[PDB]
Every structure is written in C-alpha cells, then in structure tokens.
Amino acid sequence: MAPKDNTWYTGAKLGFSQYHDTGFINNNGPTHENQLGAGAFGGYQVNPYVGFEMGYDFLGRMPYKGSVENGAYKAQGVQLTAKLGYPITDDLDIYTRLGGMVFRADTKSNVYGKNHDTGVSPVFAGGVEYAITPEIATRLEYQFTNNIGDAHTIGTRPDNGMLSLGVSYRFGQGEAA
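In the deposited numbering, the protein residues as written are 0 to 176.
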C-alpha cells in the first residue's frame, strides 16, 4: 500500500528524437526527422518524492564486418540526474528527471593532464511510470531540446521534443524490514 524509500532500480530505455544538436551533418535522412536510440539506465529511490537516476547509451557493433569504423579513442560517457515524481495511483505514477550528462574523450596526451572539449550540458526529462508486474516496470518520458543556450523571443512553441520508452526493475521486496 504505502510507498518505499532507500531502494534501487535498473532498466533499459529506447526512444526517438526529432533533431539532435550535432555539428557535423552530412546525411539526407531516412524519412524526415527522427533518430531512434537505445541505452541502459538505473537509479536509487531516497523517498516517495525524491530519488536519483543515472543512465548511459550503450553501443552495438557487428563482428561480421570488415569495414573501417572509428571516431574516438579511449573515450567514455555517462549521465547522472535526480528523479522527482508524484504517486497518482498505486500502479500509475508520474516522474521528472533533472541532471547532467558527462562526456570525455582522449586526443593526444603527454601525461600532463589537460582537456580540449568536455561534455557537461545539464538536461531534464518528463513522463510517467507504471507497474505491469512484480520485478517488472515500464515508463515513458520526453525531453526538451529547445530550451537552452539562448532564450528565443518568439517563433516556434515548446510542444515537441524527445520521445523515449524504457523498462525498469525495482529490487527490494523483503518481508519484515
């Protein structure tokens, strides 16, 4: 009946975005504007209305292919944020995440300790999470791309961004305590 606190959870997410904030563009596009992406994420719940969540976009290669494909060297990336949601129903709930994505790459280093370009652009998300069955949860959330860098006076209205859907697992049933 009552909610839980001081617990952890893990899952996977997959969504599509209208347009990315990339700088190197050299493609016409599959249809018009939509890029599907997959990844994994997990989080810890501190209280009924205050929790934490982290995530990172995995990668998949094709062992059966002899084509030159490179981009970075010893590079890594991860995202860390806080989750804030409200319990509308025992099974249906709403949540919002706010944090930042950390990105780092390697490019010529003489063991001196210097950087050229790091990724630290705070981001947030919004959606709802529902429980279909024990040890199995599913939720959908969206992200805003037009709301950073510089505030626009007039033009397009903020009513469309990133659309994603992922599943999450909650561990910590117990019996007494």
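Using N, Cα and C, we set each Cβ at its ideal position, and we do this for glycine too.
- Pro47 and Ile153 have their C-alpha atoms some 38 Å from each other.
- Among the bridge pairs identified by DSSP, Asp92 is matched with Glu128.
- A direct Cα-Cα distance of roughly 34 Å separates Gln172 from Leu35.
- For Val122, the secondary structure class from DSSP, reduced to helix, strand or coil, is strand.
- DSSP places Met0 in the coil class of the three-state scheme, outside both helix and strand.
- Assignment of beta-bridge partners to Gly54 by DSSP yields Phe40, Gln78.
- By the Cβ neighbour-count rule, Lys82 is buried, with 16 or more other Cβ atoms within 10 Å of its own.
- Taking a C-beta distance under 8 Å as the contact criterion, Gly70 and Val101 do not qualify as a contact pair.
- Rounded to whole angstroms, the gap between the alpha carbons of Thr155 and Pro121 is 22 Å.
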